[PDB]
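Undergrad: From the sequence below, what's the structure:
(5 chains)
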Amino acid sequence: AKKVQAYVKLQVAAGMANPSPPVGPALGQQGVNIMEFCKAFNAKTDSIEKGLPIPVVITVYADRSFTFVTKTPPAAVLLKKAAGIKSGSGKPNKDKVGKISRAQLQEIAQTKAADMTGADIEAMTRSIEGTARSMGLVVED
Amino acid sequence: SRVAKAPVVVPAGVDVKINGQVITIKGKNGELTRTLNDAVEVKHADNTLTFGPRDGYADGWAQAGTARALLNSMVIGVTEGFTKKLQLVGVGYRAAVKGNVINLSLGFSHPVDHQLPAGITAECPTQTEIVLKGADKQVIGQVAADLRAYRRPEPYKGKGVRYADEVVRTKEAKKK
Amino acid sequence: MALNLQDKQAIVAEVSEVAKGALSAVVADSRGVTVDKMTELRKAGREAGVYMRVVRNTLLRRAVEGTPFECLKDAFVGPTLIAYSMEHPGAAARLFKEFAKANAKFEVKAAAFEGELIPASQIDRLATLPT
Amino acid sequence: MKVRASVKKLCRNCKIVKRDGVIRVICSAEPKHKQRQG
RNA sequence: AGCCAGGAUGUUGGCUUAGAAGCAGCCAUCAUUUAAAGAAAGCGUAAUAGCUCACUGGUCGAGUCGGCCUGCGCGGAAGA
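TA: Residues are numbered from 1 along each chain as shown, chains lettered A, B, ... in the order given. The relevant structure is shown in the block below.
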C-alpha cells in the first residue's frame, strides 16, 4: 500500500447497514459514496456472520477507487458476547463483571493468531487477559 | 568552548590575513571584514583557523566561541553565499526589483520601496515570492527582517511577508 | 540501561549466539518502520519465535568489545547500523538469502546486505546452499 | 506580556533568559506564557 | 546537546451508546513484536487524523546532569 493520504480506521458494527448517523462526516472527509461502500462492504458482509461489531480501514486511492481490508472483531466486545456480559467494563475495580476459562480464550485467540502480529500464541492470549483486566475480569481455569 | 576549540576549514584559494585585531578575508564572492573582541587571541598559522581565549579577561572562553561562528560563517559566505527565500502570502501582494530597490505593494495606500544596503542582489522569481541572495549572513538576515517588518503575518489567514520555512500559528475567530 | 552489568547482560546474550553461530547477514534500520518490524520478526517467528538475534548495539567498543570471543573476522563492522541474524538450527539455513528476497520487498536501504562470515571472504550472495 | 513579579516555566517550551538585566520567560509555542520581571 | 531513524499490534475499549480512538473525566494504569516505544507529557481535532517528547540504532566526541548548604549581587522597588 501507500503512506498516509486519506484513510483512517472507523466503521462500527457491520449489521448497521449504511451507518450515516454514527460515522457521518468521516466518510465525507473524502469523496466516499456510502452506497458505493455498501455495495462493496455488504458484498463482503454475507460471508460469515451478520450483526457483529466489525472494524475496517477505508483506504482511498487517487483514482477515486477505494479498497478495504477488514479485521477480526474487537476482543473487548468478544469479551461481551462470549461470556454474556453486555455491559463491558463499567467499574473494573469495584465489580468484577465476569470470568471465562483459559481453554476458551486460548482457542478464541488461536483463530485471532492468524490475525495478530505476535510470535507466541501463549503470550498473545494473555494480552487478551490484559484487556480482560482492563474490562474487569478474573482469569479462571 | 566546545565550538571554540573547533578548527575552521578554510577552502582552497581563499585568502585570509590577520592584521592584529582586524581580519580581512576574501573568496570568490566578496570581501568580508570584521573586528574581533580583544579578549580572543586568534592565529592563522596553519591550513585551518584556530581560536584561543587570550589571558587576563575572564569571559575569554565565551567570547572565543562567538568569534569562531562568525569566521565560520564568513568563509561560507565568500565561498558559497547565503540565500533567504521570502514568501508573500496574500491576494494583491506583488514584489518587484529595480536595480537595487525592492518595490512592494503590501495592500497599503502607497508602494513601499526598500533600499538594499550592499552586495545584496534581491530577485523575485514569482510576484508573490522573493528569493534574496547575499554574501554576508549578518546583513542578509537583517534585510529579510526589514521586509518582514513592513508586514508581519497576522494569525487568522497568515497574510503578510513570511520566511520560507516559517510556520505560522493561526488563531481562530471567536465563535463563527 | 543503568550500569556496567546492564551492558554486560547484552554481551552475554551476544556471545551465547556466537558460541554456536553460523551463516549471518546485516541490514540497517534508518529507513525502516514498525511495518517491516514484523516482516523479519515474523520470519523469526517462522523459524521458531523470539530468540533470533536482532539486537542492535554494535558500537566499536561494545559489540566489537565482544567480537574477540569468536568470529574475529568481524573486527571492522563498526559504523553503518548493524542488525544481526543467527542460524542456530540448520547449518547454512535460509536466513542468508532471506535478505535477497527482503531487499526487493519493502526494505530499500538495507546496508547492501554485506554479510559477515562463512564464505571466508567479502559479500557475495550464495544461492547454492544445502537444502 | 505578563509583567508578573514572580516568573517560572508555565509549560514545557518556556525558557528563562536574562535580557538586559531583567529576567524574561520567552515561549516558543503560546504567546500567553511570555512574561517579564522577577 | 544536536544531525539522520523508528516512535508500533489488539485498541472504534467500557461508562450518560448524541462523541470523547494515548489527548474533559472516571477504571485497569496490560501483555506482547523487540534494537526499543508510556495503552501516555504537550499542541491540535464535534470525533479521528496530523506534529513532537519520553525510550531505543547509528554518527559525533569530551566530562556532565539534577538538587542541597553558604559569601556577594539582580528583579520585586511609584509622589509631589
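
Undergrad: Enumerate the residues of chain D near RNA strand E.
TA: Residues of chain D found near RNA strand E (Cβ under 7 Å from any atom of the strand) are D:5, D:6, D:11, D:12, D:13, D:21, D:22, D:23, D:29, D:30, D:37, D:38. All C-beta spots, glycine's among them, are computed from the backbone N, C-alpha and C.

Undergrad: can I assume the fifth one is in contact with residue D:25?
TA: No: Residue D:13 is beyond contact range of residue D:25, at 10.6 Å (criterion: Cβ atoms under 8 Å).

Undergrad: who's more crowded, these two?
TA: The residue with more neighbours, out of residue D:13 and residue D:25, is residue D:25; 22 against 12, by other Cβ atoms under 10 Å in any protein chain shown.

Undergrad: who's in contact with residue 87?
TA: Looking at chain A here, since you left the chain open. Contact partners of residue A:87, counting by Cβ atoms under 8 Å, 6 or more residues apart in numbering or on different chains, are A:80, A:97.

Undergrad: actually it's chain B I care about, not the one you picked
TA: By Cβ under 8 Å, 6+ apart, the neighbours of residue B:87 are B:128, B:129, B:130, B:161, B:162, B:163, B:164, B:166.

Undergrad: The closest residue to the fifth one other than its chain neighbours - how many residues pack around it?
TA: Counting by Cβ to Cβ, 6 or more residues apart in numbering or on different chains, residue B:153 is the residue found nearest to residue B:162 once chain neighbours are left out, at 4.8 Å. Residue B:153 sits with 20 neighbouring residues when counted by other Cβ under 10 Å.

Undergrad: What of residue B:85?
TA: 15.

Undergrad: what pairs with the helix or strand harbouring it, and is each one parallel or antiparallel?
TA: Element membership for residue B:85, per DSSP states H and E: strand B:82-89. Applying DSSP bridges, strand B:82-89 is found paired with strand B:129-134 (antiparallel), strand B:160-163 (antiparallel).

Undergrad: Report the buried residues of the shortest one.
TA: When burial is assessed from 16 or more other Cβ atoms under 10 Å in any protein chain shown, strand B:160-163 yields the following buried residues: B:160, B:161, B:162.

Undergrad: separation between residue A:14 and residue A:86?
TA: 18 Å (Cβ to Cβ, to the nearest Å).

Undergrad: before we move on, back to that, any shared contact partners between residue D:13 and residue D:25?
TA: residue D:33.

Undergrad: check contacts around residue C:52.
TA: Counted by Cβ under 8 Å, 6+ apart, residue C:52 has contacts C:41, C:44, C:85, C:86.

Undergrad: Which of these ranks first by neighbour count?
TA: Counting by other Cβ under 10 Å, top hit in the contacts of residue C:52: residue C:85 with 23 neighbours.

Undergrad: which ones are touching that residue?
TA: Residue C:85 neighbours (Cβ under 8 Å, 6+ apart): C:24, C:25, C:26, C:27, C:40, C:52, C:53, C:54, C:95, C:98, C:99.

Undergrad: go on, residue A:129?
TA: Counted by Cβ under 8 Å, 6+ apart, residue A:129 has contacts A:105, A:137, A:139.

Undergrad: Highest neighbour count among the residues you listed?
TA: Busiest of these [other Cβ under 10 Å] is residue A:105, holding 23 neighbours.

Undergrad: what helix or strand does it sit in?
TA: Here residue A:105 is assigned to helix A:102-111, by DSSP H and E.

Undergrad: how near is the most centrally placed residue in chain B to chain A?
TA: Taking Cα atoms, centre = their mean, the centroid of chain B lies closest to residue B:137, which sits 2.8 Å from it. Distance, residue B:137 to chain A, by Cβ to the nearest Cβ, to the nearest Å: 36 Å.

Undergrad: can I assume residue B:83 is in contact with residue B:133?
TA: Yes: applying Cβ under 8 Å as the test, residue B:83 and residue B:133 come out as touching, 5.1 Å apart.

Undergrad: Compare those two and say which is more crowded by neighbours.
TA: residue B:133 (16 against 11).

Undergrad: Of the contacts of residue C:52, which is the nearest to residue C:67?
TA: Among these, residue C:86 lies closest to residue C:67 (Cβ to Cβ), at 14.7 Å.

Undergrad: count of neighbours near the residue lying closest to that closest one once chain neighbours are set aside?
TA: The shortest distance from residue C:86 to any non-neighbouring residue, by Cβ to Cβ, 6+ apart, is to residue C:53 (4.4 Å). Neighbour count for residue C:53, taken as other Cβ under 10 Å: 18.
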